[PDB]
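Descriptive analysis of the structure
Read off the chains here:
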Amino acid sequence: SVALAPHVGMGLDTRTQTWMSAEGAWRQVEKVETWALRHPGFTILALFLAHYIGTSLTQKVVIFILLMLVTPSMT
Amino acid sequence: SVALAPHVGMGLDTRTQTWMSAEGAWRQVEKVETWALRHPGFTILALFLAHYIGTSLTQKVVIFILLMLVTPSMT
Amino acid sequence: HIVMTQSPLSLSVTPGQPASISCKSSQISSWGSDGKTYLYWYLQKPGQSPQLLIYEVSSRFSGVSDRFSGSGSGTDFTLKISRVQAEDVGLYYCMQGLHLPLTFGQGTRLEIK
Amino acid sequence: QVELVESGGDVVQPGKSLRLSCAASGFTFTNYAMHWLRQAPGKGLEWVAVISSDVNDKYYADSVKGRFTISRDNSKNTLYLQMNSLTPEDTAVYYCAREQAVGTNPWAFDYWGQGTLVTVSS
Amino acid sequence: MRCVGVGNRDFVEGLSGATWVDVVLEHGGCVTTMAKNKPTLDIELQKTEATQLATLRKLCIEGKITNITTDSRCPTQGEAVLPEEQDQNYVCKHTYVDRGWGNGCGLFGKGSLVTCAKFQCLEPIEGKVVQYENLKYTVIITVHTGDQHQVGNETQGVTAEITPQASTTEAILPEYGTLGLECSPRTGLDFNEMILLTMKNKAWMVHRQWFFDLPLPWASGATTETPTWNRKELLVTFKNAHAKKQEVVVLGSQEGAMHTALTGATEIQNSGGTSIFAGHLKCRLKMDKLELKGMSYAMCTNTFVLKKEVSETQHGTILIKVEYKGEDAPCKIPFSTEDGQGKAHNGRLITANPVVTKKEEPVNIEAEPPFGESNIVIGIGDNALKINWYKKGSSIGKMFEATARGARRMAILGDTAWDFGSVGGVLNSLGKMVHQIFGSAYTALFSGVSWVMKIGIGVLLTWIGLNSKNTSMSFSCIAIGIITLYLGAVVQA
Amino acid sequence: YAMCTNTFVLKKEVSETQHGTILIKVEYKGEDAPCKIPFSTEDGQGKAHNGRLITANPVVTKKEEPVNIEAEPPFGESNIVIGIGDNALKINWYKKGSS
Ligand SMILES: *[C@@H]1O[C@H](CO)[C@@H](O[C@@H]2O[C@H](CO)[C@@H](O[C@@H]3O[C@H](CO[C@@H]4O[C@H](CO)[C@@H](O)[C@H](O)[C@@H]4O)[C@@H](O)[C@H](O[C@H]4O[C@H](CO)[C@@H](O)[C@H](O)[C@@H]4O)[C@@H]3O)[C@H](O)[C@H]2NC(C)=O)[C@H](O)[C@H]1NC(C)=O
Ligand SMILES: *[C@@H]1O[C@H](CO)[C@@H](O[C@@H]2O[C@H](CO)[C@@H](O[C@@H]3O[C@H](CO)[C@@H](O)[C@H](O)[C@@H]3O)[C@H](O)[C@H]2NC(C)=O)[C@H](O)[C@H]1NC(C)=O
């Protein structure tokens, strides 16, 4: 609802430390980390998809990273 | 807890309507749409990245769409 | 002007024991539009101000201990305590919120036997 | 965290009017219906009067109907009760009850004030 | 001396033209300007004190559902209608239900159903703008008088407040002169794009568009009773279980979710006086009218005694606390910085002119010795006290620290950082223009992306630049990748 | 008319018309009633003059009434002096956008 749209990166940046700048920094990363630890099969699915949609190694790496970053972020 | 670990696809599935199904079916899609309409330049940046990484008409589109899904929701 | 009649007027019970208080209505306090039953249970601790334990017939209020649970459907409602401690001394005034001139019951009293 | 503190309670001879005041804090007052409740010594709790969220709408208990008046100074975040034609029966500890935070009833009690004592005697 | 030991102090030494020098007064930091013959003095921004705030929107968090009512109808008999629909307070949603003869209806099929419930709001959230005709910045100016009680004092200074309409001021320093301020308060922060919301005795400076985007039921905010809330469906949740009946919930309090949804906002002190304590401001200092107050004095002719052992500040300068002993007059303090055995004058005085005022109060001479083994002599006579202090570090370390400080400044101020301590140089204007154009492109491209997203995109662009065989592509992508990494590293705060 | 010689005071803060022209409403507060107003738009950190008036000739017809000036400043930061000398008030207004 409201939590999905944090006031991050809007543009107004100043010297003074912002609200929850220590805790709310790695929140998104920890979400993905916990999701990956909880659901391991999608790792295999993403590896298969990256191998079969990427003709270059860099393409495979980018596709795998984006797939890992998109699904827990989506839900 | 924080509204970043919803019970969307994991676990049980029943015939009864799950709590807040119709209200939250399109929640993340609306979030992505409003973020994209609020910050249009990242569309240009994503187009640049896709057209300059691993280009083939299927890869060039999948990478673009995947990145445009990753960045807003990840935020 | 629904009058609330409580079955017990004094409940002397030993600690670590159950207890059942009854608040019988003169009319079914079941609001037709929503199907809910508006019966409230307060407790005024001696030398204190009344609290709110169960803000419905069976849905307990916040900050209330685990043991306080209610029941009843149309006119015969109950307040069940699982294990009585030494803090349960007080006056368990029941109440009906169905009608505007809401009236409390006489209120039972609980003491340690 | 909400705090409802009574004020105005004192001794008074029969027939002399009195104005009670309920000071409120810890929540937005203008959105909450407020109540007045009394407990005569050794007697069951007896609700007196209610004022809803809109200032105009008020109701009184029939036993005290026509003798009291309830007012809301929400700009100062306080409640006002006007007691008129007081009777030696109308002596009790008076409370100030907030509207319910969560529920369905438009009027209910969740938090009770500390309580004030008014004595009507000669 | 008010800006001694702060840890964010940055020096400004150059002067040009009419001795006008511009400085950007970041709120946390504090500028210590100095000159060849002017009284060295340190400056900081105290508070900006937004006043007379006008509200324009109340958005709710805690609702309360009352008077749930339902109507149902037979199949092919139209939608259910309820008289409570034509009321502002009522939120009502249709649905479909199934019923046959068991529900009193002869026709078999799907039937309509409505459920209206009056929605009452508890504890709204106010959002208030600030108009520029009611904003009062406040600048405190302190001279390095060498006073006894001045070393780190936070209450000794000359207040010189400025408003956007009354931009310029003149702060008369006591017995020193007049530090003319040609400051520019309009370019500091754009409060037109930022509206100040306050909830439950707290405040934050959120972006206006972000406030207008978040999904909570707002209202006109005209301070009238019984406000009507738009988009009430964001709190109520209707739950048709088995196509048999419908139910209403109020979804509870959004306070914790709202606190999370303010992860990048800056908190301010609305409590008390709506005193904003975050921001920055740029100003220029006209030091033409200042006077040293110490040129006409004579040299102190007798010995000194130091009270507090020499303590070294965080920025490498030396702070000394001497007290006059012998002679009875206000006199200029002799000072010299010789090396261990070579008499090379290399130590500068951060204080413009040390002068004993009364002889009963100690002086607070601060100096910046050259790194190495250097002696300090603070007396005209042979009985002068000698202080030897060994400084650590090298010029390489100072250059690295200055480069890091400048990069961190440019990562915050951005365009404004190019004229932080500018003396009006012709090349500096060109550099500022180039940085302005590039930053206007960069923030337009990168607006609204996370710090981790910036790091990922930057490393991807660096990889692309390294791989590509085109010189232009390689150079541009590598430069943008390095810039994006360094920005994303420091963005969060 | 002659040139005025007294300090001014702002009544309403400067605001931008959507064509990048600033309305300035000033109060004379001076004893020589009909003397006209000097207006000099000093550019950023310098004495350069790249802006101009749009109100052809601003004159205080009466001491009491506040006359309203029109200015079209340079695109960048600019300080628009609207007084005579050292007591001249300095209006600082920053314009967004380029040529
Ligand atoms: C929303 O939902 C709430 C609660 O869910 C409804 O609240 C109702 O409020 C009204 C007043 O605003 C209440 O009316 C009271 O009814 C009492 C019932 O007494 C008899 O009831 C029968 C019906 O069974 C009638 O036929 C008789 O004629 C009687 O009225 C009535 O006794 C009482 O009047 C007495 O008290 C008042 C105040 O003390 C005196 O001034 C009066 O002279 C008399 O002594 C009231 O009229 C009603 O009971 C409430 N209903 C419920 C379920 O709580 C709202 O109406 C709903 N709608 C809206 C828009 O809010
Ligand atoms: C910061 O600066 C202020 C102001 O200069 C300092 O306040 C000063 O505090 C001293 C006490 O430490 C005061 O001395 C007192 O004077 C009175 C009257 O002369 C006397 O009766 C007392 O016995 C005592 O000697 C001094 O007056 C006061 N100065 C003022 C009020 O102007 C302060 O100490 C400095 N430092 C800090 C850390 O605040």
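Taking the PDB entry as the reference, chain F is identified by name as Envelope protein belonging to Dengue virus type 3.

Chain C goes by Human antibody DENV-290 light chain in the PDB entry, where it is assigned to Homo sapiens.

Across its full length, chain F carries 0 helices and 7 strands. Going residue by residue from the N terminus, the α and β elements of chain F occur as β-β-β-β-β-β-β. For 99 residues, the compact-globule estimate of 2.2 N^0.38 gives 13 Å, and chain F sits close to it at 13 Å. If one aligns the C-alpha atoms of chain F with their principal axes, the spans along those axes are about 40 × 25 × 20 Å. Taken over 99 residues, chain F has a buried fraction of 42%. Across chain F, the 12 positively charged side chains and the 13 negatively charged ones have centroids separated by 2 Å.

What follows covers the site of ligand 2. Residue and element names in this part refer to chain E. Every residue near ligand 2 is listed here: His149, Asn153, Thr155 and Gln156. Between an oxygen atom of ligand 2 and a side-chain N or O atom of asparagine 153, the distance comes to 2.4 Å. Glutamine 156 is positioned with one of its side-chain polar atoms (N or O) 2.7 Å from an oxygen atom of ligand 2. Contact with the protein chains removes 18% of the 730 Å² of surface that ligand 2 exposes when unbound. Of the residues assigned to the shell around ligand 2, the class counts are no nonpolar, 4 polar and no charged.

Moving on, we come to the sheet that holds strand β4 (residues 39-43) of chain C. All names here are of chain C. Overall, antiparallel pairing links the 3 strands, which are arranged β5-β4-β9 in an open sheet. Only two strands of the sheet have a single neighbouring strand rather than two, namely β5 (51-54) and β9 (94-96). Mean inter-strand twist for the sheet, computed between neighbouring axes without regard to direction, equals 40°. When β4 meets β9, the two strands line up antiparallel, connected through 3 bridges. Among the inter-strand pairings, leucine 39 is bridged to a residue of β9, identified as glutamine 96.

Residue and element names in this part refer to chain D. Summed over all chains, the structure comprises 7 disulfides over all chains. Disulfide partner of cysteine 22: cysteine 96, at an S-S distance of 2.0 Å. Taking the sign of the S-S torsion, -85° for the link of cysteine 22 and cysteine 96, the bridge is left-handed. Taken together, the residues span a long stretch of sequence, with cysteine 22 in strand β3 (residues 18-25) and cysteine 96 in strand β9 (residues 92-98) at a distance of 74 residues.

The subject of this paragraph is the site of ligand 1. Neighbouring ligand 1 are the residues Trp31, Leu98, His99 and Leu100 of chain C, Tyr59, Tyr60, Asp62, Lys65, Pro106 and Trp107 of chain D together with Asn67 and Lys118 of chain E. Looking at what sits near ligand 1, you find residues from chains C, D and E. The side chain of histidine 99 of chain C places a nitrogen or oxygen atom 3.2 Å from an oxygen atom of ligand 1. At 2.5 Å, a side-chain N or O of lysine 65 of chain D approaches an oxygen atom of ligand 1. When ligand 1 sits alone it has 1100 Å² of accessible area, and the protein chains cover 53% of it. Of the residues in the shell around ligand 1, the class split is 7 nonpolar, 2 polar and 3 charged.

Compared with the 16 Å implied by 1.5 Å per residue over 12 residues, the 17 Å span of helix α1 (residues 27-38) of chain B between its first and last C-alpha is a close match. Listing the buried residues of α1 of chain B in full gives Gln28, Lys31, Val32, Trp35 and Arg38 of chain B. Taken end-on, α1 of chain B shows its buried residues confined to a sector of 135°, consistent with a single buried face. Those residues of α1 of chain B that are buried lie in contact with α3 (57-74) of chain A, α2 (41-51) and α3 (59-74) of chain B together with α1 (208-213) of chain E.

Turning our attention to the packing of aromatic side chains. Inspection of the entire model under this criterion finds 26 aromatic pairs over all chains. When the centroid spacing of 5.1 Å and the interplanar angle of 50° are considered together, the rings of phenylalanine 27 of chain D and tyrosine 32 of chain D count as tilted. Classification of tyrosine 32 of chain D by relative accessible area gives buried; the value is 1%. Ring geometry for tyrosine 132 of chain E versus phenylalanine 191 of chain E: centroids 6.2 Å apart, planes at 90°, classification edge-to-face. Here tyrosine 132 of chain E, found in the loop between β9 (125-129) and β10 (137-143), pairs with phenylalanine 191 of chain E, found in the loop between β13 (177-181) and β14 (194-198); they are 59 residues apart in sequence, far enough to count as distant. One exposure class covers both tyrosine 132 of chain E and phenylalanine 191 of chain E, and it is buried. Among the aromatic residues, those joined into a ring-pair cluster are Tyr40, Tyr42 and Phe104 of chain C together with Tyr95, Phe109 and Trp112 of chain D. A cation over a ring is seen here: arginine 186 of chain E above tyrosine 132 of chain E, with NZ or CZ 5.0 Å from the ring centre.

Our focus in this paragraph is the nonpolar core. Nonpolar side chains in soluble globular proteins generally cluster together in the buried interior. Counting residues in hydrophobic clusters, the biggest one holds 43 residues, and the most contacted among them are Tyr42, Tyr92 and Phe104 of chain C together with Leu37, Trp47, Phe109 and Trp112 of chain D. Of all the elements in the fold, those that place two or more residues in this core are β2 (11-13), β3 (19-25), β4, β5, β7 (76-81) and β9 of chain C together with β5 (46-51) and β9 of chain D. Aside from chain neighbours lying at most four places away, what touches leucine 37 of chain D is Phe104 of chain C together with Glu46, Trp47, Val48, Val93, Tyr94, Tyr95, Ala97, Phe109 and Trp112 of chain D.

Time to look at the interface of chain E and chain D. Size of an interface, as often reported, equals the accessible area lost when the parts are brought together. Listed as interface residues are 12 residues of chain E and, on the opposing side, 14 residues of chain D. Approximately 1100 Å² of surface area, both sides summed, lies buried where chain E meets chain D, with 45% of it carried by carbon and sulfur atoms. Broken down residue by residue, the surface that chain E buries against chain D is led by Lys64, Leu122 and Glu225 of chain E, which jointly contribute 42%. The interface formed by chain E and chain D includes 0 salt bridges. For the interface between chain E and chain D, the tally reads 4 residue pairs in polar contact.

Moving on, we come to unusual backbone geometry. With a phi angle near 55°, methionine 20 of chain B is a residue other than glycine that sits in the positive phi range. For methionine 20 of chain B, the location among the structural elements is in the segment before α1. Look at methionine 20 of chain B and you get partly exposed, because its relative accessible area is 35%. Of note in the backbone geometry, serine 85 of chain D takes a positive phi value of approximately 55° without being a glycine. By the element assignment, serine 85 of chain D lies in the loop between β8 (78-83) and β9.

Residue-level contacts link 38 residues of chain E with 25 residues of chain A. Where the side of chain E that touches chain A is concerned, the elements lending two or more residues are β15 (203-207), α2 (255-260), α3 (395-410) and α5 (451-467) of chain E. Tallied by class, the residues present in the side of chain E that touches chain A amount to 22 nonpolar, 12 polar and 4 charged.

With that settled, consider the pattern of salt bridges. Any two side chains of opposite charge can pair, so long as their charged atoms come close to each other. Per the counting criterion, the structure on display carries 28 salt bridges over all chains. A salt bridge links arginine 67 of chain C to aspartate 88 of chain C; the nearest nitrogen and oxygen atoms lie 3.3 Å apart. Separated by 21 residues along the polypeptide, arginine 67 of chain C in the loop between β5 and β6 (69-71) and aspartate 88 of chain C in the loop between β7 and β8 (90-92) bring together distant segments of the chain. Among the salt bridges present, the one from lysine 96 of chain F reaches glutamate 193 of chain E, with a minimum N-O distance of 3.4 Å. Remark: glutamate 193 of chain E occurs in the loop between β13 and β14 and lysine 96 of chain F occurs in the segment after β7 (90-94); the pair is interchain, linking two chains.

A word on the pairing of β10 of chain E. All names here are of chain E. Of all 7 residues in β10, 7 are buried, a share of seventy percent or more. What you see with β10 is no split at all: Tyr137, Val139, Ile141 and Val143 on one side and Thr138, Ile140 and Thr142 on the other are buried throughout. When strand β4 (residues 41-47) meets β10, the two strands line up antiparallel, connected through 6 bridges. Along β10, the bridge assignment pairs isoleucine 43 with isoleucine 141. Looking at chain direction, β10 and strand β11 (residues 158-162) are connected through 5 bridges and run antiparallel. Across the sheet, residue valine 139 finds its bridge partner in β11, namely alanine 160.

Analysis parameters
- Residues numbered from 1 in each chain as written, not as in the entry; some residues may be left out.
- Chains lettered and ligands numbered in written order.
- Part of a larger assembly, values for the part shown.
- Heavy atoms only, no water.
- Residues with missing side-chain atoms left out of burial classes, pairs and counts.
- Helix = DSSP H or I, 4+ residues; strand = E, 2+ residues; numbered from the N terminus.
- Rg over C-alpha atoms; globule rule 2.2 N^0.38 Å.
- Buried < 20%, exposed > 50% of the residue type's maximum accessible area, 1.4 Å probe, protein only.
- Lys, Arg positive; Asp, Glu negative; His and termini not counted.
- Charge placed at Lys NZ, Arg CZ, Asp CG, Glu CD.
- Near = heavy atom within 4 Å.
- Polar contact = N/O pair within 3.5 Å; in protein donor to acceptor, adjacent residues only side chain to side chain.
- Areas by Shrake-Rupley, 256 points an atom, 1.4 Å probe, with all protein chains shown as cover.
- Nonpolar A, V, L, I, M, F, W, Y, C, P; charged D, E, K, R; others polar.
- Pairing = 2+ DSSP bridges.
- Axes fitted to C-alpha atoms, helices over the stretch in contact; angles between N-to-C directions.
- Disulfide = S-S within 2.5 Å.
- Expected span 1.5 Å × (residues − 1).
- Arc of directions from axis to C-beta.
- Contact = heavy atoms within 4.5 Å.
- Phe/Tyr/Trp six-rings, centres within 6.5 Å; stacked < 30°, edge-to-face > 60°.
- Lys NZ or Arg CZ within 6 Å of the ring centre and 35° of its normal.
- Core = buried A, V, L, I, M, F, W, Y, C linked by side-chain atoms within 4.5 Å.
- Buried area = accessible area lost by both parts, 1.4 Å probe.
- Salt bridge = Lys/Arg side-chain N within 4 Å of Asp/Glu carboxyl O.

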